[PDB]
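Participant: To start, I am sharing the structure in question, which I have written as structure tokens.
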4 protein chains.
Amino acid sequence: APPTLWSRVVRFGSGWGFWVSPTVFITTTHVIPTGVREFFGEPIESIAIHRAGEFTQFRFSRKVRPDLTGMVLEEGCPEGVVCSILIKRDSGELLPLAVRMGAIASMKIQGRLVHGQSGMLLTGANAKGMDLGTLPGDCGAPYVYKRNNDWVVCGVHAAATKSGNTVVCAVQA
Amino acid sequence: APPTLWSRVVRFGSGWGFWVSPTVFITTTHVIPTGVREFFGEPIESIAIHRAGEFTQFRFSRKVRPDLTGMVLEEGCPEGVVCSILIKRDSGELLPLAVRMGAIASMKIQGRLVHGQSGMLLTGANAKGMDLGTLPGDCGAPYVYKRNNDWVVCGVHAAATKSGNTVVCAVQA
Amino acid sequence: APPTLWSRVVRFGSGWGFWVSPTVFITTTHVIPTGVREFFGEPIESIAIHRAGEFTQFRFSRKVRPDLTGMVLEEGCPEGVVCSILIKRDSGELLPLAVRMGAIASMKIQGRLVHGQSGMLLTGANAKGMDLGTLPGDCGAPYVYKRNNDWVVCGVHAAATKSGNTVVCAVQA
Amino acid sequence: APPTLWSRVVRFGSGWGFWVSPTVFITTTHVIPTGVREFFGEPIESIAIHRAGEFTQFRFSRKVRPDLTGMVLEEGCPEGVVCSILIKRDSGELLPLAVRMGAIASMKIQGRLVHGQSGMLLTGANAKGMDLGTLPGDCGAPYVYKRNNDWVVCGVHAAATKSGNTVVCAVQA
Ligand SMILES: [Hg+2]
Ligand SMILES: [Hg+2]
Ligand SMILES: [Hg+2]
Ligand SMILES: [Hg+2]
Ligand SMILES: [Hg+2]
Ligand SMILES: [Hg+2]
Ligand SMILES: [Hg+2]
Ligand SMILES: [Hg+2]
């Protein structure tokens, strides 16, 4: 993509994470590393982690990414809306996939209990290896969309159904 | 769908229900009880009732619909597949709403938490004051789909969010 | 829905057609019957037919539907938006299906050449019998949708592919 | 998709092309460079070009890529199927855009009329300034899908509606 926004999406542990701003940041709780007193090479005390369930924000004071504009980031997405989820993979394939946003709810996905905003993939249903649906490793991916005026992030890729038809994204609200 | 299949959706309560077999009848739990004694004109003590949450099955002792054939009642729709929620509106009308079935969940729909298999409707943003979604009073309508050559049932309509699109199907489990 | 909107969807020859206004009415050209006279009990000159393509309007002096407040009658709809088909059928089944809309080519869907604007149904890739798809008899049926807190008509059903995936919207030129 | 499938997609003309096998190579037409006595360095005269409208196949004399193996090239894919366009950027980046396949058609995307198998892309609902969809130089890329356990090629990227999701694939047909 000519990338102001795929490449704000970066690898972060077992998963991914997103730069909504040079100051702000989004990523999925279960994805964060254990082992540590430091991330984006910064003093772990310096920043305001404001973690919520399976969502987790980072409020930075710094040039971290002086290369990014800052993004609007709303509570959830209204139900109905078709957001996109920005997935990077290993051959670093960039796989945006339309997600038709659902309700907020808790759920039984891959045994676990996930609270976040549900949604269904437009690539119909089935995934077998890497192309039409989501994988274990995509957590952290953002769920962006474009309002009238600007882009907005709505959440992070938190989890998915065995067939990959339904996904849940960790949110703010 | 066919006449003989709508034959089996009957009013029941503040709601509706479904004749899966001659002896078996399915409906949504929140409409049935009121505080009672007997159903379909028969003794409660002569029915085996099975409540799994929002779902409820009655298995009677005598054939209350000998005209019916006997359906399969799977235990939930398989994620991915698209069912037809068989609504009878009390106004002579039939509205066989299409839905993609998602994961099991629990939303917080108006005043209360509901559990069951969630799902997206296949219509725009559905609910509206008046629109093309489920309206209060539809609960208990079956969710049926044609597997092979056969027509089957997964569950019944328990609830649906207010911004439309989302619905919940109660299921045997 | 309750029929106030479905009330503008009356039967019409081969097919259907749609009261947009009381003065006004849309339908697919191929469905208009073998040449006659008088329609909706008015006669030809009352009426100024100003049909063009497979789209056909009818304007009259006589408020034929006064109960109805004419709607905005746009040409197509932008790409993406999902509009609602509003299929009235043989059994009095209302069947609103959703269509993420597309460009306006000329495809050839059956062994006939159909110009209008394409769309895909959200129910899928499989409409085998009574399913979640359009049918031969549906032509005429309206595509509707909410633009502001207002209801715009975008077109009528011209054709569909053997699988139901892809359908064509006849538009006013 | 795997990396041996992407090692197939090379730049060509003003767009790109696909190595179906060692011999055979495929691309859309309007990207073929204009005047010239040879390509992929072997001499024109020894190549068998088959042009089928927007689609063009070059069968070579000698294995020009013995590193790979030869795959199935169907006549286009089937409607409703979801394929992936193996879109390469000139910057390195790999972007397999998901699309759902529809009718053959013909539309005038900008300057002229393109005919091919139309499709709808599955990422939010559009492309822009910089996005989720095609860019003018992407013509030529393949549209693959996995059949049993193997990958097949159903056609090449011929064009796309500006501000939109619609896409046109050139095919054998
Ligand atoms: Hg979103
Ligand atoms: Hg989201
Ligand atoms: Hg079902
Ligand atoms: Hg179900
Ligand atoms: Hg439309
Ligand atoms: Hg339309
Ligand atoms: Hg394909
Ligand atoms: Hg194709």
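We label chains A, B, ... in the order they appear in the structure tokens, count residues from 1 in each chain, and number ligands from 1 in the order shown.
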Residues within 8 Å of residue 71 (chain A), please, as a ChimeraX atom specification. Count only C-alpha atoms; anything in the same chain fewer than 3 positions from it doesn't count.

Facilitator: /A:20-21,151-153

Participant: Least-squares fit chain A onto chain B by Cα, in order, and just send back the RMSD.

Facilitator: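 The root-mean-square deviation of C-alpha positions is 1.4 Å.
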
Participant: Step one, run DSSP on the backbone; step two, keep only residues of chain C assigned to strand (DSSP E); then write them as a ChimeraX atom specification.

Facilitator: /C:9-12,15-19,25-28,38-39,42-43,55-56,82-84,87-88,94-95,98-101,106-107,114-115,117-121,142-143,155-160,166-170

Participant: For chain D, report every residue with an atom at most 8 Å from chain C (counting only C-alpha atoms), formatted as a ChimeraX atom specification.

Facilitator: /D:79-81,102-108,120,125-126,161,163-166

Participant: Would you list the contacts of residue 2 (chain D) as a PyMOL selection string, taking every protein, DNA or RNA residue within 12 Å and counting only C-alpha atoms, but skipping same-chain residues closer than 3 positions in sequence?

Facilitator: (chain A and resi 89-93+129-131) or (chain D and resi 5-9+86+94+96+144+146+150-151)

Participant: Output N, CA and C atoms for every residue in that selection, as a tab-separated table (two decimals), in the first residue's frame.

Facilitator:
```
chain	number	residue	atom	x	y	z
A	89	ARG	N	1.10	-10.40	8.07
A	89	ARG	CA	1.44	-11.77	8.25
A	89	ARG	C	2.94	-11.98	8.10
A	90	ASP	N	3.39	-13.24	8.08
A	90	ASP	CA	4.79	-13.38	7.77
A	90	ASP	C	5.22	-13.27	6.34
A	91	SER	N	4.79	-13.87	5.21
A	91	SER	CA	5.64	-13.17	4.24
A	91	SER	C	5.28	-11.69	4.17
A	92	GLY	N	4.52	-11.19	5.16
A	92	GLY	CA	4.29	-9.76	5.27
A	92	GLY	C	3.61	-9.14	4.12
A	93	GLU	N	2.62	-9.98	4.04
A	93	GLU	CA	1.52	-10.04	3.16
A	93	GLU	C	0.74	-9.04	3.94
A	129	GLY	N	-4.98	-22.93	6.36
A	129	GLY	CA	-3.63	-22.39	6.11
A	129	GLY	C	-3.71	-20.81	5.99
A	130	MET	N	-3.06	-20.00	5.03
A	130	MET	CA	-3.17	-18.38	4.91
A	130	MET	C	-3.76	-17.21	3.63
A	131	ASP	N	-5.07	-16.88	3.65
A	131	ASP	CA	-5.71	-16.08	2.57
A	131	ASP	C	-7.05	-15.25	2.84
D	5	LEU	N	4.15	-19.41	-4.96
D	5	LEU	CA	3.01	-18.90	-5.83
D	5	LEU	C	3.28	-17.43	-6.21
D	6	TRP	N	3.61	-16.61	-5.24
D	6	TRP	CA	4.06	-15.21	-5.49
D	6	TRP	C	5.45	-15.13	-6.36
D	7	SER	N	6.32	-16.14	-6.35
D	7	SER	CA	7.56	-15.99	-7.16
D	7	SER	C	7.13	-16.04	-8.61
D	8	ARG	N	5.81	-16.09	-8.81
D	8	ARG	CA	5.30	-16.29	-10.17
D	8	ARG	C	4.88	-15.15	-10.84
D	9	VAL	N	4.52	-14.24	-9.98
D	9	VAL	CA	3.98	-12.93	-10.34
D	9	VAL	C	5.15	-12.06	-10.49
D	86	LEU	N	-3.34	-11.75	-6.39
D	86	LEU	CA	-1.94	-11.72	-5.90
D	86	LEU	C	-1.24	-10.49	-6.45
D	94	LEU	N	3.38	-7.32	-0.50
D	94	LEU	CA	2.48	-8.39	-0.98
D	94	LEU	C	1.09	-8.10	-0.41
D	96	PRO	N	-2.64	-9.75	-0.93
D	96	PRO	CA	-3.64	-10.59	-1.52
D	96	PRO	C	-5.01	-10.01	-1.06
D	144	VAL	N	-6.27	-16.15	-8.03
D	144	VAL	CA	-6.12	-17.54	-7.71
D	144	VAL	C	-7.18	-17.97	-6.70
D	146	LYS	N	-7.98	-21.92	-4.29
D	146	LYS	CA	-7.51	-23.27	-4.01
D	146	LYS	C	-8.60	-24.24	-4.23
D	150	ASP	N	-5.06	-28.06	-4.37
D	150	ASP	CA	-4.09	-27.26	-5.18
D	150	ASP	C	-4.63	-25.88	-5.53
D	151	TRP	N	-3.74	-25.05	-6.04
D	151	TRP	CA	-4.03	-23.69	-6.36
D	151	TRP	C	-4.19	-23.64	-7.85
```

Participant: Hey, which residues come within 6 Å of ligand 6 if we count only C-alpha atoms and all ligand atoms? Could you give them as a list in words?

Facilitator: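 Using only C-alpha atoms and all ligand atoms, everything at most 6 Å from ligand 6 comes to residues 76, 77, 143, 154, 155 and 169 of chain C.
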
Participant: Near residue 67 (chain D), counting only C-alpha atoms, which residues have an atom at most 8 Å away, once you skip same-chain residues fewer than 2 positions from it, shown as a PyMOL selection string?

Facilitator: chain D and resi 22+65+69

Participant: Those residues with N, CA, C and O atoms, as an mmCIF file, in the first residue's frame please?

Facilitator:
```cif
data_model
loop_
_atom_site.group_PDB
_atom_site.id
_atom_site.type_symbol
_atom_site.label_atom_id
_atom_site.label_comp_id
_atom_site.auth_asym_id
_atom_site.auth_seq_id
_atom_site.Cartn_x
_atom_site.Cartn_y
_atom_site.Cartn_z
ATOM 1 N N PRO D 22 6.338 -23.079 -16.706
ATOM 2 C CA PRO D 22 7.670 -22.757 -17.215
ATOM 3 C C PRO D 22 7.625 -22.054 -18.573
ATOM 4 O O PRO D 22 8.360 -21.121 -18.910
ATOM 5 N N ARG D 65 11.451 -20.883 -16.849
ATOM 6 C CA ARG D 65 11.312 -20.855 -15.416
ATOM 7 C C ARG D 65 11.087 -22.331 -15.123
ATOM 8 O O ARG D 65 9.917 -22.785 -15.103
ATOM 9 N N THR D 69 6.443 -25.197 -11.228
ATOM 10 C CA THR D 69 5.612 -26.197 -11.696
ATOM 11 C C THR D 69 4.354 -25.644 -12.235
ATOM 12 O O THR D 69 3.924 -24.536 -11.886
#
```

Participant: For ligand 3, which of B:75, B:54, B:45, B:138 is the closest residue, counting only C-alpha atoms and all ligand atoms?

Facilitator: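 Among B:75, B:54, B:45, B:138, it is B:75 that comes nearest to ligand 3.
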
Participant: Just want the 9 Å neighbourhood of residue 26 (chain D), counted on only C-alpha atoms, with same-chain residues fewer than 6 positions away dropped. Output as a PDB file with C-alpha atoms, in the first residue's frame.

Facilitator:
```
ATOM      1  CA  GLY D  17       2.155 -11.046 -15.212  1.00  0.00           C
ATOM      2  CA  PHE D  18       1.941 -14.669 -13.976  1.00  0.00           C
ATOM      3  CA  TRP D  19       4.119 -17.671 -14.538  1.00  0.00           C
ATOM      4  CA  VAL D  20       1.524 -20.528 -14.808  1.00  0.00           C
ATOM      5  CA  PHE D  55      -6.600 -11.555 -21.500  1.00  0.00           C
ATOM      6  CA  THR D  56      -3.363 -12.692 -23.180  1.00  0.00           C
ATOM      7  CA  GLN D  57      -1.309 -15.931 -22.805  1.00  0.00           C
ATOM      8  CA  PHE D  58       2.259 -16.365 -24.073  1.00  0.00           C
ATOM      9  CA  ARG D  59       3.411 -20.102 -24.569  1.00  0.00           C
ATOM     10  CA  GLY D 140      -1.987  -8.053 -14.708  1.00  0.00           C
ATOM     11  CA  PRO D 142      -3.524 -13.172 -10.986  1.00  0.00           C
ATOM     12  CA  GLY D 155      -7.717 -15.027 -14.639  1.00  0.00           C
ATOM     13  CA  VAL D 156      -5.834 -11.615 -14.594  1.00  0.00           C
TER      14      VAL D 156
END
```

Participant: In Å, with one decimal, what is the gap from CA of residue 64 (chain D) to CA of residue 32 (chain D)?

Facilitator: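 Between these atoms lies a distance of 18.1 Å.
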
Participant: Name the closest residue to ligand 1 among the candidates D:141, D:1, D:123, D:52; distances are taken between atoms, counting only C-alpha atoms and all ligand atoms.

Facilitator: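 That would be D:123, the residue with the smallest distance to ligand 1.
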
Participant: Based on DSSP run over this structure's backbone, return all residues of chain B in helix (DSSP H, G or I), as a list in words.

Facilitator: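 After running DSSP on the backbone, chain B has helix (DSSP H, G or I) at residues 3, 4, 5, 6, 29, 30, 31, 44, 45 and 46 of chain B.
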
Participant: Selected residues, C-alpha atoms, written as an mmCIF file, in the first residue's frame, please.

Facilitator:
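Written file, result_9.cif:
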```cif
data_model
loop_
_atom_site.group_PDB
_atom_site.id
_atom_site.type_symbol
_atom_site.label_atom_id
_atom_site.label_comp_id
_atom_site.auth_asym_id
_atom_site.auth_seq_id
_atom_site.Cartn_x
_atom_site.Cartn_y
_atom_site.Cartn_z
ATOM 1 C CA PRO B 3 -46.832 -24.402 3.947
ATOM 2 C CA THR B 4 -46.456 -27.502 5.903
ATOM 3 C CA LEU B 5 -43.333 -26.008 7.639
ATOM 4 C CA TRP B 6 -45.122 -22.744 8.596
ATOM 5 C CA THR B 29 -38.273 -19.699 27.795
ATOM 6 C CA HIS B 30 -39.168 -16.188 28.592
ATOM 7 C CA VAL B 31 -42.493 -16.481 27.359
ATOM 8 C CA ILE B 44 -47.736 -30.345 33.116
ATOM 9 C CA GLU B 45 -47.020 -33.501 34.954
ATOM 10 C CA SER B 46 -47.296 -35.338 31.654
#
```

Participant: Tell me, in Å to one decimal, how far CA of residue 110 (chain C) is from CA of residue 73 (chain C).

Facilitator: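 According to the coordinates, CA of residue 110 (chain C) and CA of residue 73 (chain C) are separated by 27.7 Å.
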